[PDB]
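Report on one structure; see the data block that follows.
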Amino acid sequence: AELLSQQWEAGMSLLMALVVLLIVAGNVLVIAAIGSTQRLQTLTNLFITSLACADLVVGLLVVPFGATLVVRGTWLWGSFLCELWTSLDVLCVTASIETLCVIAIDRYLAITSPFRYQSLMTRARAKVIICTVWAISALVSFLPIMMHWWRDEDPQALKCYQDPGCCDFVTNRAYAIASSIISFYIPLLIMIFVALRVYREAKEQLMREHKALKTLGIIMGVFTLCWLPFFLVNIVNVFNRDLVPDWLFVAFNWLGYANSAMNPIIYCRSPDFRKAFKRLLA
Ligand SMILES: CC(C)(Cc1c[nH]c2ccccc12)NC[C@H](O)COc1ccccc1C#N
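Below, the structure written as structure tokens:
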């Protein structure tokens, strides 16, 4: 049994270290590629940078802390770090779906109203948009957690709050529903609605302007596939606590984490990223 534990720890630790490396390496490349290639320095890629930072924070902070919990079965970092960790987790997935939502609107307005778009949409303004996305994401994610709005009345929950080794996100039903709707479900619907409109307006309307759009359609689709299972379960868990097994919930949350390693791979469809990747890996 002690050998089974010693194998499981060292085994998992490496899988986790591989995941961390794939996320951090992949996204640092994307930030560097854009940051040092003036062919890639478009307004749209400013939003891709923002998105890569969100995925970077997942790789440097969210998954590391999450790994120590999955390896060692308990939280080792004190109740304050548990809260700050959870806040960063919630923050990143919120900022990601909001930025993807901006990207869809960006592409739409650029397609349907190209004269008015290109005369209004500036670098200064894309930065303002990006900050506003992060400001809103911070507001919706950080505050309710620090205010303990998520916490429930149950004695078993109360037991977990006092124990600085418990870092389970046992949330009340109101928070579970509200935070899911505000952080995920609303921006997801807006994104899908706008993305379908773009897909329609693309056919009605030029190889390089397209294909890049398809790429953006992929990242949005993949994100949805990685996160929808988690948020669906999260809502089901409110109506009946026992239907979904613990492992399936934890697994789906890890699928969502995994999404942070996927974009840099998907960007390799764009040859200019591919060339910038090859140059940087000197
Ligand atoms: C914080 C938690 C539950 C990870 C976690 C932390 N401790 C746990 C113990 C057992 C299972 C999972 C966990 N997962 C957060 C997910 O990344 C998604 O988080 C969210 C993002 C926006 C709105 C609501 C949620 C939630 N819940």
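Numbered per PDB author numbering, the sequence shown spans residues 33 to 237, 282 to 358. Backbone N, C-alpha and C define an ideal beta-carbon position, used for all residues, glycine too.
Query raised in the report: By DSSP, does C199 sit in helix, in strand, or in coil?
Result: coil
Requested in this report: Flag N316 as yes when its Cβ comes closer than 8 angstroms to any non-hydrogen atom of ligand 1, and as no otherwise.
Outcome: no
Requested in this report: Compute the Euclidean distance between the alpha carbons of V230 and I143, then round it to the nearest angstrom.
Outcome: 8 angstroms
Requested in this report: From the DSSP output, in three-state form, read off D184 for me.
Outcome: coil
**Report entry** Rounded C-alpha distance that separates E130 from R139
**Finding:** 14 angstroms
Query - Beta-carbon proximity check, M178 vs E285, cutoff 9 angstroms - result: no
Query raised in the report: For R155, which of helix, strand or coil comes out of DSSP?
Result: helix
Query raised in the report: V103 lies in the alpha helix (DSSP H); which residues open and close that run?
Result: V95 to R104
Requested in this report: Return the CA-CA distance between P176 and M338, expressed in angstroms with no decimal places.
Outcome: 29 angstroms
Query - Inter-residue Cα distance where the pair is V62 and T74 - result: 13 angstroms
Query raised in the report: Of the choices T300, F216 and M48, whose alpha-carbon is the least far from that of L123?
Result: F216
**Report entry** Where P321 sits in the DSSP three-state scheme
**Finding:** coil
Report task. Could you tell me the boundaries of the alpha helix (DSSP H) in which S128 lies? Result -> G110 to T144
Query raised in the report: How would you call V160, buried or exposed, if buried means at least 16 neighbouring beta carbons within 10 angstroms?
Result: exposed
Query raised in the report: CA-CA distance, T164 and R155?
Result: 14 angstroms
Query raised in the report: How would you call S145, buried or exposed, if buried means at least 16 neighbouring beta carbons within 10 angstroms?
Result: exposed
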